[PDB]
Amino acid sequence: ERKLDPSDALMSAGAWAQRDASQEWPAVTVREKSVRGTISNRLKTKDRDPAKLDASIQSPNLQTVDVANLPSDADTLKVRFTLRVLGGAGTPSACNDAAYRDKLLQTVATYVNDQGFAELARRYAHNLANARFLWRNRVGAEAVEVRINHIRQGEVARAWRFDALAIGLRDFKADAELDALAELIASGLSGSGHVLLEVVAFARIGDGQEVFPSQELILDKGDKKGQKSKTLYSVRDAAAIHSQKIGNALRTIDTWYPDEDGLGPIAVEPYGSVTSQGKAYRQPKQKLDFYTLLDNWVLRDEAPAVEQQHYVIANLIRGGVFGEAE
Amino acid sequence: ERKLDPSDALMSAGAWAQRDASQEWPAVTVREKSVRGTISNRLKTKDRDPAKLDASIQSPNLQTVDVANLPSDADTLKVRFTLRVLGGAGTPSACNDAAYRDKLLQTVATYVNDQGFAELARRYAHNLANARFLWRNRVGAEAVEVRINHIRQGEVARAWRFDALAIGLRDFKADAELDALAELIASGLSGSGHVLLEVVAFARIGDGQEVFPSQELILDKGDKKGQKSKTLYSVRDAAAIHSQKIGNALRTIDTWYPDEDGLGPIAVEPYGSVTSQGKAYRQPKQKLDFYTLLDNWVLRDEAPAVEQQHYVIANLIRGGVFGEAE
Amino acid sequence: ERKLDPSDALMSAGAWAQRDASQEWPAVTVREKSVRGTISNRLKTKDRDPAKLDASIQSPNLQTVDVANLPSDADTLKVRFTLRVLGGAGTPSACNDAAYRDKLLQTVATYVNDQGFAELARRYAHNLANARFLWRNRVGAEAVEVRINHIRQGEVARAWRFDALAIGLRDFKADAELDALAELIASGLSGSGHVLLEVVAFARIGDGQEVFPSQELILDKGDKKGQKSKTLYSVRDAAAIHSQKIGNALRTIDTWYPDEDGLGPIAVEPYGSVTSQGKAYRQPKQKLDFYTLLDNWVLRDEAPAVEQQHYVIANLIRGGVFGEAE
Amino acid sequence: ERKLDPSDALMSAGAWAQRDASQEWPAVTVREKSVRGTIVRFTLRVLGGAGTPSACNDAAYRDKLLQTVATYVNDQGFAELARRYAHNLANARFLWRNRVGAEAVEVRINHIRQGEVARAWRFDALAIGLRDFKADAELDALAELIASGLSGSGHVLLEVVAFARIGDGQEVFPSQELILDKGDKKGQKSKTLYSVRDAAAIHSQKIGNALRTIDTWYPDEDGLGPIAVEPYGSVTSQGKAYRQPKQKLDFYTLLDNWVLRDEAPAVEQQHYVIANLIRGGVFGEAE
Amino acid sequence: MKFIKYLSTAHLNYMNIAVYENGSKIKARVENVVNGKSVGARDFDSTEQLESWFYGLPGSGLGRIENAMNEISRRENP
RNA sequence: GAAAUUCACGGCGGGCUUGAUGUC
């Protein structure tokens, strides 16, 4: 009875917006109106050879010539402006309600079950500390991913508006926060209780954010990239395409949503090393590891094969439900 | 006597137009003239693997390397613009007259019968509540299908013109309306009585609509897609082709006509759960269900096999006639 | 146990910014505010054929025609301004912390090992003389690479700011310094002890530099160039593309980082001849030589194959660690 | 042993600056401060004007590239041969005694009224190297013994061989005539003759002025060598690799002669015999 | 059948080269990382050939996977 | 003669292109 679905889908509630790299100066911080946006300038390089050679059957004369030679190419690498020291990040992510309200229903009875589970982990289990993962381990701006390395002062002003009128207003300092643990902060509970007012269908909340790294002068960045599949024939010169907004520098939504998906310390092996991104099969793309492998019973494709008939997860539910907040 | 047709056809009266995604700001709502249209930008993604596996007989070293890696394909992502918060929907659907006036006649006597039935369900049965399905369960903008999730304010201005001159004019709020039931509304009866002035051959009516979701900033959408049949060999990189109008973002007519075909609460099994799309064999493409199966006698391919000789449907006629409003 | 990584990456800490060629006059040296920037003019030249012929199998009639002719070409080449004798170099390089903090971890235990080695060569071995390579063999402005030839007076003012407020302040004379050896200088130890306050995670330091060659009048330069890969068909006239900032003359970061990578006198063969750029496989692009060839055991791709299991490098560590300061 | 380089480069020491066409009147000659620049001559100004501050670089064979460092050490040994062994009195007397005669002011030299050449020099802002000339009082096919010409050429001896940094702010004045035209430096019409098609001779400009570019100017101080193969006193050609003048389309020192700059180290680097054609085989490397 | 390693981070299509050896030849079955539905494969000599032509195709990195897939996919070998 | 194909998923990390020439 109540077999699994041949077709399931769940809408990505709590989705996110794009980024607005535009450059400003600290103590001219509050005057973010006409903050000039940045465009990906193009470099050209002469490539050396750090690639470790194969050692199966090769020769020590080829490395002489090749390491002598130059396989040069061009790279579209974006630069800060001349005198602007702040960065800029307008990222208005918005939360959607009704956390398990599906899109597809292979069996409506299974949908009614899962909605009953949503009332279990929503009415029974609360989202204080869930939203305190989404703030207390995201206000520490893993948001600004590669640029977080040695910020001068990472100011995080997660603002919010009803309308044009902005009322949800709070200030932070991501450098004054940990990035391996979450700590008790009152205003962090104002924002996370505000997301409690978001996710569980109370008020429509789209958080127009203003995140400012006050780092340095004309330095480079780590802005979002593209691909070279069936574009490296007509170009063959640029080999790192930065994706652009309209005359600006993206940090796309696809890296950005695992800034607010890197929560779960409910990983199988580690303890405090790894704040991985809570996913189906729990794979981080960097380390090529599979926390929650098939051999463990910690699969998101097994948490309703266990919970939908057997009701036992016991507070690993949270990383089995935020598998369905995507 | 009067055997069934070996060849039948009925013209899709009350057909629909395409959609015009173009972006605007609320309280600049009325100034829809130069509302800038949106183009499906291409982003370029990497990924993990959230898909289940066949778990019957596989070597484990498959899946351990399967989950680990990057499936990195580029995805054409339609994005909103930077500061425009309203959406935009110019969808001028037009109603055609003469609801059972066929295109083909395998027996003209059968055609005369069916026209007699059209006078029965047209002169005898009225289309007040039929058009109140087509308004009171379509002004609630199932129209704007996937974007309806957490609208800030879904403004529906179903306008109408004689000519260049626009006279049929009425304003709504689809968020101020139900999407599982229909309620008594006077202006909803102005529009539905206007469609009563449309369908049954009184005045030529093509309803230039202006539907505005005032939702949020630069967020994504759920715009209409394409296919990868015999285009995934020369491309193999894009795997979700959004169909475009001339420099714009379609929501095609094929999803749009089951926004004004999702009426019938005359389904066999459910009560108020399912406002399905009234079709032949009553199949919704999502749930893969067949309301009105062969085993029930509720088939559109049996309603004239019963009604054309036996005259008994008794107010399931409505979902046996809107089978012929397509 | 603890096999080598199939995937390693280390972030380029102590990275650099771009250059600002803009022209000024000496004894108007201190007034660098509105120093007018320079734009690489397009010289257009006619030439001889200084290239040697291939001499294998060639009819002698060809080269008579060849050297008789003119293979003229445009060459975008920058010129100084008319009365401005100083140069100008605003290069704000910034140091990043956490010298071996990786980006990728094929084995986290190997990462823990290498961090242990970072505590060895960081807590055990010090970076006084390492930063005295990065100052005492870079304040001597190998920075201003090709323009260093016969400077009138190369003034190096390596300034530094907390914020907009500049506090790190010191003055130099690169012509008063060697470019084959490093000597004991107190203020050079102020700057290098300041970089000691940078690299090892103490204070965020981005050094807004003002380097002034007081050389001569309207002379040319040696400013940074581009390439002619798939741009020499539509152009075919310019054959030396100088890369530009916004209306200015770049000296790009890619030549600039081997001004502060040319340290290592820990090369295999020479003694005081060659201050090469400390790299993987230690290849200088000019001489096409491979100091630390495969046949020597002085490879950066063998220093952890030796040190990660065997702990013996003995003060060639420094040119095996600044292989990982990139 | 010691094979030739697959990659050689030598820096253009003794390079040059741009020209400053600006117009003045003779006997108002000394007052060159606000001499109005030209964008045709002007109406009443009879002098020309030439501020060309060329600067000499040291270390004549100090390469930029080293395909073999031993070959570089050889060539530096040769630089000590033709520098310590052979002197540059008469080499710099080519660069003065056959360049103070202002082949400098190339096309405008035709019938100067009085070509005054004041090759000045400064330590700093302070100008100390100071000497006056008359290029019309000098030959342009031969070099003659002049004491002040040896002051300037001995000053370039103090330049080239690493003694003092010398950038010679020059003031060369043709006192020729009134509103006449010139022969100022030009441009090209490659992929600019479609959008324009009307101008067909683009003069290159400095900032609101009239260039004579460095590319014609450096063969005013490269036209030295009377060590050409065929002629005697006819041709003071520009000493180059393969010795080609762009005018006559001739190749003095063809492949068939052994007088190639791409053969003078193929001979000298292993065989040490050039014998005073060295000078036009070394000023091939002063570029 | 006697499965071995992949070729260098292969999808972008939920597809791969997916090399796995035969008893004498080697199968490189271009297939799904999902359900197991494949397109045509190619059987040939060892890794000393496999890397040698796989290197021998144009494209930069991911392009070798790409032109590799369109090379196997328009197959000669049944 | 008339059909909603989908929801959704980090791509990155480094790099001395440079050396010098007459506009017909």
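- The deposited coordinates derive from cryo-EM, with the record listing a resolution of 4.2 Å.

## Things to note about the overall build of chain E
Step number 1: A tally of helices and strands in chain E yields 2 helices and 3 strands.
Step number 2: What you see in chain E, going N to C, is helices and strands ordered as β-β-β-α-α.
Step number 3: Its C-alpha atoms give chain E a radius of gyration of 12 Å, within 12% of the compact-globule value 12 Å for 78 residues.
Step number 4: Considering only C-alpha atoms, chain E reaches an extent of 30 × 30 × 25 Å along its principal axes.
Step number 5: Pairs at least 24 residues apart make up 24% of the contacts formed inside chain E by residues separated by at least 6 positions.

## A closer look at the overall build of chain D
Step number 1: If you tally the helices and strands in chain D, you get 6 helices and 8 strands.
Step number 2: Against the globule reference of 19 Å for 287 residues, chain D gives a C-alpha radius of gyration of 20 Å, in line with a compact fold.

## Some remarks on the sheet that holds strand β2 (residues 26-28) of chain E
Residues and elements named next belong to chain E.
Step number 1: Overall, antiparallel pairing links the 3 strands, which are arranged β1-β2-β3 in an open sheet. The open sheet has two free edges, formed respectively by β1 (19-21) and β3 (43-44), since each of these has just one partner strand.
Step number 2: With 3 bridges connecting them, β1 and β2 associate as antiparallel partners. Counterpart to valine 19 in the pairing with β2 is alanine 28.

## Examining the pattern of salt bridges
When the charged atoms of two side chains lie near each other, side chains of opposite charge can form a pair.
Step number 1: Residue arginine 158 of chain A is joined to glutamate 260 of chain A by a salt bridge in which the shortest nitrogen-to-oxygen separation is 3.4 Å. In this pair, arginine 158 of chain A sits in strand β6 (residues 154-158) while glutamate 260 of chain A sits in the loop between α5 (253-256) and α6 (303-310), placing the two residues 102 residues apart along the sequence.

## A look at the domain arrangement of chain D
Residues and elements named next belong to chain D.
Step number 1: Here chain D is partitioned into domain 1 (1-1 + 50-77 + 214-286) and domain 2 (2-49 + 78-213).
Step number 2: Inter-centroid distance (C-alpha atoms) of domain 1 to domain 2 is 20 Å.
Step number 3: Counting from both sides, the interface comprises 44 residues of domain 1 and, opposite them, 53 residues of domain 2.
Step number 4: Contributing elements (two or more residues each) for the side of domain 1 that touches domain 2: β3 (54-55), α1 (69-85), α4 (214-217), α5 (264-271) and α6 (279-282).
Step number 5: Here the side of domain 1 that touches domain 2 is built from residues that sort into 17 nonpolar, 15 polar and 12 charged.

## Considerations on the interface of chain A and chain B
Step number 1: The partner chain B presents 37 residues to the 36 residues of chain A that form the contact.
Step number 2: In terms of residue class, the side of chain A that touches chain B is built from 17 nonpolar, 10 polar and 9 charged.

## Focus: the interface of chain A and chain C
Step number 1: Of the residues lining the interface, 33 residues belong to chain A; the matching set on chain C comes to 33 residues.
Step number 2: The element that contributes the greatest number of residues to the side of chain A that touches chain C is helix α1 (residues 62-68) of chain A, accounting for 4 residues.

## Re the packing of helix α1 (residues 47-55) of chain E against helix α2 (residues 62-73) of chain E
All names here are of chain E.
Step number 1: Interhelical geometry of α1 versus α2 gives an angle of 110° and a closest axis separation of 10 Å. Relative to α2, α1 is oriented roughly perpendicular. Residues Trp53, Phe54 and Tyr55 of α1 form the contact with α2, whose own contacting residues are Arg64, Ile65, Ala68 and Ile72.
Step number 2: The class makeup of the residues in the contact of α1 with α2 is 6 nonpolar, no polar and 1 charged.

## Focus on the environment of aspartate 8 of chain C
All names here are of chain C.
Step number 1: Among the secondary structure elements, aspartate 8 is positioned in the segment before β1 (22-23).
Step number 2: Between the C-alpha atom of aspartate 8 and that of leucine 105, which follows or precedes it by 97 residues, the distance is 6.6 Å.
Step number 3: Other than its neighbours up to four places away in sequence, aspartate 8 contacts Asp102 and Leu104.

## Focus: the arrangement of the chains
Step number 1: The highest contact count of any of the 5 pairs of chains in contact belongs to chains A and B.
Step number 2: Spatially, chain C is disjoint from chain E: no contact exists, and the shortest C-alpha separation is 11 Å.
Step number 3: Note that chain D does not reach chain E: the shortest distance linking a C-alpha of one to a C-alpha of the other is 28 Å.

## So, the environment of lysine 221 of chain C
Residue and element names in this part refer to chain C.
Step number 1: Residue position: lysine 221 is located in the loop between β10 (209-213) and α5 (253-256).
Step number 2: Sequence separation between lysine 221 and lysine 78 is 143 residues; the distance between their C-alpha atoms is 6.3 Å.
Step number 3: Once you skip the residues sitting within four places of it in the chain, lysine 221 turns out to touch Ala21, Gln23, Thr38, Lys78, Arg80, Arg147 and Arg251.

## Structural notes on the side chain of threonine 253 of chain D
Residues and elements named next belong to chain D.
Step number 1: If you trace the backbone, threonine 253 turns up in the loop between α4 and α5.
Step number 2: A polar atom in the side chain of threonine 253 sits 3.3 Å from the backbone oxygen of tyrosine 242.
Step number 3: Setting aside chain neighbours within four positions, we find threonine 253 in contact with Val229, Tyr242, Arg243, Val259 and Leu260.

## Points about unusual backbone geometry
Step number 1: Of note in the backbone geometry, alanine 201 of chain C takes a positive phi value of approximately 65° without being a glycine.
Step number 2: Examined against the element boundaries, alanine 201 of chain C turns out to sit in the loop between α4 (186-199) and β9 (206-207).

## A look at the packing of aromatic side chains
Residues and elements named next belong to chain E.
Step number 1: For the pair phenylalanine 3 and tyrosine 20, a centre-to-centre distance of 6.3 Å together with 40° between the ring planes defines the contact as tilted. You can see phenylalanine 3 sitting in the segment before β1 and its partner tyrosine 20 sitting in strand β1, a full 17 residues away along the chain.
Step number 2: Ring plane angle 75° and centroid distance 5.6 Å describe the contact between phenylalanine 44 and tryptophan 53, whose orientation is recorded as edge-to-face.
Step number 3: By way of ring pairs, the aromatic residues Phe3, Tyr6 and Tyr20 are connected into one cluster.
Step number 4: In this structure, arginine 42 packs its charged tip against the face of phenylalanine 44, placed 5.3 Å from the ring centre.

## Observations regarding the side chain of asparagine 127 of chain A
Residues and elements named next belong to chain A.
Step number 1: Mapping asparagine 127 onto the fold places it in the loop between α2 (108-124) and α3 (128-136).
Step number 2: Among the polar contacts made by the side chain of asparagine 127, one reaches the side chain of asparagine 130 at a distance of 2.7 Å.
Step number 3: Each residue touching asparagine 127, except ones within four places of it in the same chain, is listed here: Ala121, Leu196 and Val200.

## Some details on the packing of α3 of chain A against helix α4 (residues 186-199) of chain A
Residue and element names in this part refer to chain A.
Step number 1: At a minimum axis distance of 8 Å, the contact between α3 and α4 shows a crossing angle of 120°. Put simply, α3 runs oblique to α4. Relative to α4, α3 is oriented so that their crossing is right-handed. From α3, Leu128, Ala131, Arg132, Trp135 and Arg136 reach across to α4, where they touch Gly188, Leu189, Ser192, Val195 and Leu196.
Step number 2: Taken together, the residues of the contact of α3 with α4 sort by class into 6 nonpolar, 2 polar and 2 charged.

About the cut-offs
- Residues numbered from 1 in each chain as written, not as in the entry; some residues may be left out.
- Chains lettered and ligands numbered in written order.
- Heavy atoms only, no water.
- Residues with missing side-chain atoms left out of burial classes, pairs and counts.
- Helix = DSSP H or I, 4+ residues; strand = E, 2+ residues; numbered from the N terminus.
- Rg over C-alpha atoms; globule rule 2.2 N^0.38 Å.
- Contact = heavy atoms within 4.5 Å.
- Pairing = 2+ DSSP bridges.
- Salt bridge = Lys/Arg side-chain N within 4 Å of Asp/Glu carboxyl O.
- Domains from an automatic or database assignment.
- Nonpolar A, V, L, I, M, F, W, Y, C, P; charged D, E, K, R; others polar.
- Axes fitted to C-alpha atoms, helices over the stretch in contact; angles between N-to-C directions.
- Parallel < 35°, antiparallel > 145°, perpendicular 65-115°, else oblique.
- Polar contact = N/O pair within 3.5 Å; in protein donor to acceptor, adjacent residues only side chain to side chain.
- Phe/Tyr/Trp six-rings, centres within 6.5 Å; stacked < 30°, edge-to-face > 60°.
- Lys NZ or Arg CZ within 6 Å of the ring centre and 35° of its normal.
- Left-handed = near helix turned anticlockwise from the far one by under 90°.

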